[PDB]
Amino acid sequence: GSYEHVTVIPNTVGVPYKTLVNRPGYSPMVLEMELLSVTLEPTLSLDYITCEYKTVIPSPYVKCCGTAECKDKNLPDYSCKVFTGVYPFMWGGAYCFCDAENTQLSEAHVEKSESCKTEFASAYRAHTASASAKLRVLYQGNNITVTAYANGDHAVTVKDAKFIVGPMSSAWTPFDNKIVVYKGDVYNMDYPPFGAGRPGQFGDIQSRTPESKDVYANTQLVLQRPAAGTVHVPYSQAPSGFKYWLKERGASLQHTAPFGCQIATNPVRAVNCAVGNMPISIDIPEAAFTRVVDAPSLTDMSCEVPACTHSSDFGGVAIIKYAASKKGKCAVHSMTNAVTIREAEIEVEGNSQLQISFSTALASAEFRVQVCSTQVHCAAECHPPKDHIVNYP
Amino acid sequence: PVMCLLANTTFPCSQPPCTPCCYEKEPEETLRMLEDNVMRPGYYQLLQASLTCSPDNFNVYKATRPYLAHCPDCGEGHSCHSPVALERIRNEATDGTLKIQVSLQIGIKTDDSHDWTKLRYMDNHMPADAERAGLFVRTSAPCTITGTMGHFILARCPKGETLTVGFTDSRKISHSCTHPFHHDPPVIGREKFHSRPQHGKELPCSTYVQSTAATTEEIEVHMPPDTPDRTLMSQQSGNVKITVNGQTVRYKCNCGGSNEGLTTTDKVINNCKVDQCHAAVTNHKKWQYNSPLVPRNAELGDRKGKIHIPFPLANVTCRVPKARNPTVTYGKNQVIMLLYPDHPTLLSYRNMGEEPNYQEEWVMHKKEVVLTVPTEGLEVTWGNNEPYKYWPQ
Amino acid sequence: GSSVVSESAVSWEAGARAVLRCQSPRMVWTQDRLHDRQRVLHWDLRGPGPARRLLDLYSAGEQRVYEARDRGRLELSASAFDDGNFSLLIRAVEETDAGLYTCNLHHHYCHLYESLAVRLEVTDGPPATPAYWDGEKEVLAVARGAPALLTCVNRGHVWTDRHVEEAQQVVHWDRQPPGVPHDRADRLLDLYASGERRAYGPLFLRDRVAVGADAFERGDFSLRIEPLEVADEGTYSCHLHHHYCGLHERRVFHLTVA
Ligand SMILES: *[C@@H]1O[C@H](CO)[C@@H](O[C@H]2O[C@H](CO)[C@@H](O)[C@H](O)[C@H]2NC(C)=O)[C@H](O)[C@H]1NC(C)=O
Ligand SMILES: *[C@@H]1O[C@H](CO)[C@@H](O)[C@H](O)[C@H]1NC(C)=O
């Protein structure tokens, strides 16, 4: 029968945010939280895949002293044509005995290549993504880890401490309603639907599954005329739109998606998208709470800062002399927004001094710090750092 | 219990009635049996069982043979009937391994035995051995061959616009066939390198495995056409005389009497001259690639059989270089990077705001570039190195 | 050249299709066999048919013995075509070598044929009046194991020439108005090996005068005239010429219209 604390932190991975647990009649607590990963897993649906195509040309039917006739069969892009006035030459001489009435029947068609099992591109329908996240919590001085759905519907019971996360403040996904995936990369593309592929373009040949025996394809296959005295089947045909797309694709979402999203395939997922914010519900059990009577209450505390430097990191060092009531753990919180403290919990025993760190951006820092029961003031001057550019949030 | 059909009967495909040594017993009958069952699912069972002969000894190349086909550039410009003619070139491998298919058979002697130091071509009626060591493939520089078996050659060709395949036959006279082929393998990753470096990064790719295990891919084969040869006819001073030379000959004469026929022995047509007659050599005992460069046997219908082929496609790992660390200098909302590329290296940077304004450029030489560092964030991808992150203080 | 073989006389109507059949298969030229199937040589054997092929030779290098057991025992000059010595040497004559040998040649370039027959007898003892009968097939008697030299020699330029690569021909079509002494006849068409359709006539004459398209690989150089003018009557000449192979042929045609 504990208490339910609620807070809101920006959905930014690697930024430690401090909250102040305030239970009536109990010593305050300084919870540090650091989001580790945020998974955006969209529900997908397969439309079709595309691959390099294979032009099948069986041996021509050279009918000597006669005329052949075509028969339009049901093969993808079946291309038949009869040719007159031929005198085919094999090295041993003339195949056809007659001087006239020689015909060559040329057939061809298109099917999936033998390489369509490894080199392929999957065209999917992405909609209504699903979320998941992972967070580090500094509670009881312990770095604990939580993993749940980032929607606020399912809770994690970790050491009798219930944790609820969600829903996402943003319903964003760098994946459009229609996407394409090639084996290591995700692309946004309004791909031509099944039955609308154009020659030279993406998916000049299409198949719902890599195994489905029947496929759809039009590659503008037209048979030319064979050169005189020669047995061959020349064609004109739009080349593979796949290999064209392989050169012509451009960078994937791993390099171009906004908000610094990370893109990973199998499953198609987006990680660490710094968008919106996220709520956190912590139902702390009542057992670990401790009243003020049992809590060390510090009195007659002083603050001193020998050196400080305003920057993104904890560029200031502080030391607090105190007179604690007894030996035990206690918390260290910063009441003000513009000032943050690296420390959250230190050990107090009688009279001693403690060493902590703090961070802000201004030169002259004036703020108050409370140690586990009582406040005190700290003031100093902070220099600028040597770095204008920093490689951490 | 998978059944195959003869013409009126059914039987298990793995146990035909001609067992054992089906081919050696009756060649023509065994091939027709395979042809009639080409569409049935247990065909490849029938093939493994009706071609092996032990005293496994399954050697498919007893039924196939090399052949002559048309080649456009046999060297010195003109076109010739080449015994090393090409059929198709495959460049689906991401590493650039070419899978070349030619009209000779590597690794098989005329007696159908397996031997890697030999290959069999066709010499105007009769296959003949030749030294494998004399085979070569080159585009602009000689290609390093990685595998040879049957009709198929794996090679590593350098950047080139043509492709030549040739060997040296029995009589130490060279044969060669040259086709146009735009060979420039696609670049893996984000840098254009030429020989895998030391430290690098491991990226996915596709290559042609160097094993000769016949598992997945297949080609089509059928009986050869009636092959002509002008040497068969002779002039017995008023008439025509033909010689079979251990084969069967289909002759046709433009005179009286039995002006045509299929003779197994030497025959003579009277009241005729040579120019009125024309004869070819039938051979229903071997198979041949269903090639557009070779006509189809007219008398038989669309009889066809299929045989597996070596060197399938399989995805493996290629290793690419990581570009060296650039020189970094800082400034107010500015990062100055001096890049030292040893080869064409791709550079990309995206802001972590809602408008990333992704910019990329193929950095070629040493260049000092200056990038704005907005408060939202900046991600710099340099070659295949892990993404740099830069923020303002 | 001037080696007139046959003369014709045709009579077509005014404005009808006139075709002068000048067809010769000795001029067929499609593509180079690259000097490897240009000329071939082969010997045959008789028991007594059936005749059996012993070994053949191309214009490139060494020979091929179709029987493996006979290998190394039969030997032609590996440098024959350089000087034309197509003789066959049988080092060890066995009794199964008795029969009727024949030396057959082929010149697919110019479509020639020059054969010769030679009989061989195996005498169990010493020579048995070996060589005779010049007027017909020459027969050689050879003892068991002794060598035999069966002569087949042709020294013509057409055979022993590692020379020009497979192609040079020329076909002229000449015209003679009535009474012309042929000394200064009109030139109409030229057809060359690689192809030069040189039309020499006036512009509105070379619109009906057209040698059939593709007509250098069937050997049918028939001249076509779609409309027949009455003034087009005369003696046309299908001037043929193929040097290096003796084709100084010429066919003549007399075209009359009524
Ligand atoms: C809790 O987790 C944090 C994050 O991993 C730990 O990180 C700190 O430890 C290092 C010790 O030298 C410091 O150098 C790091 O800068 C610091 N890292 C961060 C991100 O703050 C921390 O030690 C852990 N503490 C406990 C009690 O578990
Ligand atoms: C690798 O190839 C197999 C087919 O051999 C395919 O099923 C698999 O999906 C491929 N994997 C990748 C990562 O491309």
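Per the deposited record, the coordinates in this entry were obtained by X-ray crystallography to a resolution of 3.4950 Å.

Caption draft 1: Region of interest: the pairing of strand 25 (residues 277-284) of chain A. Residue and element names in this part refer to chain A. A large share of strand 25 lies buried, amounting to six of its eight residues. Bridge count for strand 1 (residues 3-10) against strand 25 is eight bridges, and the pairing is antiparallel. Its bridge partner lying in strand 25, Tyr3 is registered against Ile284. Here four bridges tie strand 16 (residues 161-165) to strand 25, and the two strands are oriented antiparallel to one another.

Caption draft 2: Here's a closer look at the site of ligand 1. All names here are of chain A. Around ligand 1, a shell composed of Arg136, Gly141 and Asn143 is seen. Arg136 places a polar side-chain atom, nitrogen or oxygen, 3.3 Å from an oxygen atom of ligand 1. The contact in question runs from an oxygen atom of ligand 1 to an N or O atom on the side chain of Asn143, over 2.2 Å. Look at ligand 1: alone it shows 570 Å² of surface, and the protein chains cover 24% of it.

Caption draft 3: Broad picture of the packing of aromatic side chains. Under the definition given, this model contains 18 aromatic pairs over all chains. Summarising the aromatic geometry, the rings of A:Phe242 and A:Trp245 are spaced 6.1 Å apart at their centres and angled 80° between planes, so their arrangement reads as edge-to-face. Placement of both A:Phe242 and A:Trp245 in helix 1 (residues 241-248) is noted, with a separation of three residues, approximately one turn of the helix. Residue A:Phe242 shares its accessibility class with A:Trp245, and that shared class is buried. Pairing B:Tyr121 with B:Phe167 gives two aromatic rings, centres 5.2 Å apart and planes at 40°, and the pair type is tilted. Highlighted residues: B:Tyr121 in strand 7 (residues 114-123) and B:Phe167 in strand 11 (residues 160-168), separated in sequence by 46 residues. Grouped by ring-pair contacts, the aromatic residues A:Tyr182, A:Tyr187, A:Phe202, A:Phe242 and A:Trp245 constitute a single cluster. Positioned above the aromatic ring of A:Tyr26, the side-chain terminus of A:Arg23 is 5.6 Å from the ring centre. Of note, C:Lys137 hangs over the ring of C:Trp133, and the distance from its end group to the ring centre comes to 5.1 Å.

Caption draft 4: Spotlight on the site of ligand 2. Contacts to ligand 2 come from A:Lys117, A:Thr118, A:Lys183 and B:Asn315. At ligand 2, the nearby residues belong to more than one chain, namely chains A and B. Between ligand 2 and A:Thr118 there is a distance of 3.4 Å, counted from an oxygen atom to a side-chain nitrogen or oxygen. B:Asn315 places a polar side-chain atom, nitrogen or oxygen, 2.5 Å from an oxygen atom of ligand 2.

Scoring rules and cut-offs
Residues numbered from 1 in each chain as written, not as in the entry; some residues may be left out. Chains lettered and ligands numbered in written order. Heavy atoms only, no water. Residues with missing side-chain atoms left out of burial classes, pairs and counts. Buried < 20%, exposed > 50% of the residue type's maximum accessible area, 1.4 Å probe, protein only. Helix = DSSP H or I, 4+ residues; strand = E, 2+ residues; numbered from the N terminus. Pairing = 2+ DSSP bridges. Near = heavy atom within 4 Å. Polar contact = N/O pair within 3.5 Å; in protein donor to acceptor, adjacent residues only side chain to side chain. Areas by Shrake-Rupley, 256 points an atom, 1.4 Å probe, with all protein chains shown as cover. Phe/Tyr/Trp six-rings, centres within 6.5 Å; stacked < 30°, edge-to-face > 60°. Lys NZ or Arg CZ within 6 Å of the ring centre and 35° of its normal.

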